[PDB]
Amino acid sequence: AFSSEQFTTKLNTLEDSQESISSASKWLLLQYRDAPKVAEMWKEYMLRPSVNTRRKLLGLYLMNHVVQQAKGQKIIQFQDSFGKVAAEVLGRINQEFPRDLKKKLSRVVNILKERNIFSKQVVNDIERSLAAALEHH
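Residues numbered from 1 in each chain as written, not as in the entry; some residues may be left out. Heavy atoms only, no water.

Regarding how it was determined, this PDB entry cites solution NMR in its header.

A. Structural view of the nonpolar core. Counting 40 residues, the largest nonpolar core has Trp42, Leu62, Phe82 and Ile93 as the members making the most contacts within it. Elements with a contribution of two residues or more to this core: α1 (4-12), α2 (18-29), α3 (35-46), α4 (53-70), α5 (77-84), α6 (86-96), α7 (99-115) and α8 (120-134). The dominant element in this core, judged by the number of residues it contributes, is α4, at 8 residues. With sequence-adjacent residues up to four places away left out, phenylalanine 82 is seen in contact with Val38, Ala39, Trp42, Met63, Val67 and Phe118. (Core = buried A, V, L, I, M, F, W, Y, C linked by side-chain atoms within 4.5 Å. Buried < 20%, exposed > 50% of the residue type's maximum accessible area, 1.4 Å probe, protein only. Helix = DSSP H or I, 4+ residues; strand = E, 2+ residues; numbered from the N terminus. Contact = heavy atoms within 4.5 Å.)

B. Representation of the side chain of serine 81. Here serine 81 lies in helix α5. The class for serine 81 is buried, based on a relative accessible area of 8%. Within the structure, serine 81 has its side chain in polar contact with the backbone oxygen of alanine 35 (distance 3.1 Å). (Polar contact = N/O pair within 3.5 Å; in protein donor to acceptor, adjacent residues only side chain to side chain.)

This is the structure:
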């Protein structure tokens, strides 16, 4: 519904900075209407080869800060949108991510339990996603 070029151009130029996350987060906060749109693009974007680990790590923090804020604006479409693709993206990047980043992300996944963003239905999906990568054979 919105200019996907912006979200993409920004995500591709996303850097690891406290101000950067907020800079983009603020823009996404005004995309409450593009709940499914942003989730679809973000997901398909995070599940792409071009996107590296760094880009992914940052994206997670961006969507995380945005969604968490949604609760303050009485928004649920964001949780269901980013949540339905969270178990997939997170589980896809968690397996591709190194043992080092695994901890950085693992600690982030728990944060969701504190803010109570997604429900047990979604959380149960994320865990299962990792369980699959846990086995090599």
